Structure formats: structure tokens, C-alpha cells
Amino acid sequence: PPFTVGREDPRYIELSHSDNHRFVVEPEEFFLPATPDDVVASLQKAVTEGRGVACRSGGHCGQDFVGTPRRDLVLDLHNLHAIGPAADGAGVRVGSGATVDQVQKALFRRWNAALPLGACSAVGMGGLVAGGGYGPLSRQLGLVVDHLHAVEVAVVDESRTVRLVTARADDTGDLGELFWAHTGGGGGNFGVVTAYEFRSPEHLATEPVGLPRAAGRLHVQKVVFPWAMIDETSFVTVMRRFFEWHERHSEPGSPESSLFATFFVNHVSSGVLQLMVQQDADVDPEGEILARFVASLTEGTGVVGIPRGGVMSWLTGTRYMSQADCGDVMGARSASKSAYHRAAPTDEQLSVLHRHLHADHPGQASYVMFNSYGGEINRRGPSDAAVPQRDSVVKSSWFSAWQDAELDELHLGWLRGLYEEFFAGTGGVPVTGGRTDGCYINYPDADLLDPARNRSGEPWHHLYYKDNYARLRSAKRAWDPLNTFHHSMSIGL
């Protein structure tokens, strides 16, 4: 059943934290709905009484969107996690409170199916889907939103009336706009999503629920490279080769689209760089492409990696390559920035990166992660979904995590220093339409709002949404005219 957790309830303390402990969520109360109807009734009460609301699914927000500005009510959606066949026609319905782990297990166990969900199994569908969603399978399957068929969402009209509407991929008029806005517009903007329905493009769909087939086996490999064996020149060589491989091998449908690499380029205090690579073993039984990719990175250089891994079944291999809600990632303070890369950075940029990775800094959880991108993602056009980046080949995440609030300035300083110098030639940000193509709204970065940090002249909304912002604003005016749903980086009326 549905229940409420107030300020005096002992569970409030746990609920007041999302994953990123830099931020706190302190409403007058949390409501934990059990059904979409519970969501509607809860929102209706709140909006009628003029109370401020927000929702939360997995709590993975990189920013303080849920708890800031101060809310009277937060709807925590984790009980809405049902997964099942879609009521009408093929496809699959997923409650917005389901986590990636729950979805991956259900899709595989029930239908031998897979969607391109991310590498962190605790992420909630709510925010992940609304912002686009990419993962290890995206070079084969595209973005999660590329499989979206419908969104069921609680919305608030100009008369303060809450309705549960369902917008479908084949809708036109206002409903068509609401559907499109959820294909990358980002969470916290239009209403409270209660469920998503997924139906894959014809060329990716298989029986019996119209989703893609999970690979029978995956090659999975993790290679550790000791920093002690790497000098600046070989670092630049390895990094350049990583990017150049992607420039060549990121076309939709190519054999190389079966491979996905994640390069953890760690601060030197970690002692090592770590390359993870996976490849669909159905496509390439011997894993030849993976082996050639890995070997090519360090050939000639004096750098020798220590590999581990093997060939695993799908669910076991996926978990081997994933990050769950356990251990040192829990209860941490963190900051992350993002960039889309259309082409290799210059060698000078790679030297800047090397220099900051050797700064005197407590960097045991500080790194830049470079992920393969493109492939099937790049089959669609920039305006087909709200996500506009459809010709990038590597996606980077720039990350630091730490424990003590007293070190916030230190860690934010290191991250900002690195990102801003790396992109100094373009105002300290990865501007669109050049070697880079802006940023990903699921790694939101409030520094992009500040002229001291962003001297590019390109506003946050263009870095995240490019030319799709106008249509998003129209959808916002139409569907959330009172700006009921808002946060520091919400779509403007």
C-alpha cells in the first residue's frame, strides 16, 4: 500500500539522501505511491493546496534537482517497478520506479531480451529514459529512447488539474509533442512519469515481445595498465589511438559496432589505467575484433597491460562489467561533467589531460571515463528525438568522488581545472558542431550556467539540446503551463 514518511519518521533520514551525498532532499514529507492512481491523487492534493512537488526514481541525479528548490512533497517512485507485456499489441511496459538491474533481469529471464540500458544497475528508469539513455549495447541498439513506444505521465494543466495521460510514438498534435519531449528532454520537466512502454524499431525487434535479442555470449575483458610504465608520450599515443579507432569504426551496422570499450583514465594516485571491453560473441565467436582493438592501442609503446576476463553468458557477463549499489560508491559526494566527441582531441589536449592526472591531488576516485559511442545511435537524425547528438563516436565522463564536505572545494577545483583547460580553446566547454558536440543531460553540470566556467557563449540548453530546445519549450508551455515541475536546469517556459 501507499504511505507517507514525515520529518519525525525514522525512515526520513535515509530518504533525505539520494545517491550523491553533496545534496540533501528535505521535504515536509515523502510519499511512496504504489500505483499510478496514487501518484495522480497525491499530486492533485499538493497542487490544489499550492504545495511544491518533485519526484525521484533511482536517485542517481548528478545535481540537486530533486531537493532544490525546497519542496513540500517528494514522491519517491521505487514501488512502481512492475514489468510486463504491454496491454495493447506487442512491447513491454516498465514502471518508472524500476532500476536498471530489475529491468535487465526481467527482460532476459522472461524473453531473452535486452535494451541498451546503462552500466550502473541502480539507476532508475524514470530519469534514465527521459534523458536519452546509453549503455554497452548502444552501438548495436541505439539509445533507450530509440525503443520508446509510449509514456504514461501525470501532468498538471493551467486549471491545476492533474491527469494521467499516455502519449504514444504514433500520436500527433499535443500528445505527439509530449511523447517526443520524453525522448531526451530530461526528467523533472513535464510531469511525473508512471511508466514507459518499449517497442523496438522493426530491424531490431524479435519475438515474442518485439524487443531485441540478448546475445548468447559476451566476450568480456578488463586490462590494467600500470601508470609506472606510461610516460606522457605513450599516454598521448594510447589515447589518440583509442579515439582514432572510434573515428574509423563507429558506423551503424559495421562489425565493429559489436564492440564497446570503457577506458577509465584514472588520476595517478590510483596507480593504474583500466580498459574494459566487451564484444558480442554471437557476432564474433573468436573475439577477433576485441583482441585486435586491445593490441593496437599499445603496440610499439613499452606499455604492457594485464588482462583478465573471458566469455560469459549474457546476464553474468553484463553484471561482471557493471557497477551496482554497493561498496565504495555508496554514501559518496561526487561531481561529474560530460562531453560528446565527434573526433579525436588534439595531442595538446591529451597532454593537458596527462598533466592534471599527475597533479598533487587525492585522486583515488578521480578519473575521466571514455566510452565507445555512435554505431546504431547515429542511424537517427538530430530532430527525430529530443537528444540531438547523432554523429559522435566517443562519450566522456569527467568524475571525482570523495567523502568529506570540507573537501568539496578541492575536488570541484581539480575537476573544473582539468575540464576547462582541456576545452580551453572553446571557452572551457565542449562546444557543439566541432571536434565535440556538447553534453548529455543525464550528466547535468550546473557550472555550465556560470560565465566564470563557461566562456564559450553557448548556453547550457544549446549544449544539451542544440536546435531541439525550441520544440521542448513549446511542449513545456503546452503540458506544464504553471511550471509545476522545475529545477536548476529545467526547460524554460
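Throughout, we count residues from 1 along the sequence that is shown.
Selected stretch [higher average CA B-factor]: 15-23 or 471-479: According to the entry, 471-479 carries the higher average C-alpha B-factor.
Between the two ranges 347-355 and 162-170, the one averaging a larger CA B factor in the entry: Of 347-355 and 162-170, the stretch with the higher C-alpha B-factor average is 162-170.
Deposited CA B-factor, highest of 437, 445, 28, 450: Among 437, 445, 28, 450, the highest C-alpha B-factor in the entry belongs to 28.
Options 461, 60, 455, 70 - largest CA temperature factor per the record: Among 461, 60, 455, 70, the PDB entry lists the largest C-alpha B-factor for 70.
Relative C-alpha B-factor of residue 322, binned into the chain's lowest, middle or highest third: According to the entry, residue 322 has a C-alpha B-factor in the chain's middle third.
Residue 441 - which third its CA temperature factor falls in, relative to the rest of the chain: For residue 441, the deposited C-alpha B-factor lands in the lowest third.
Chain-relative CA temperature factor third for residue 46: Its C-alpha B-factor, which the entry lists for residue 46, ranks in the highest third among residues of this chain.
Residue 427 - Cα temperature factor, lowest/middle/highest third of chain: For residue 427, the deposited C-alpha B-factor lands in the middle third.
Relative C-alpha B-factor of residue 222, binned into the chain's lowest, middle or highest third: Lowest third, going by the recorded CA B-factors of the chain.
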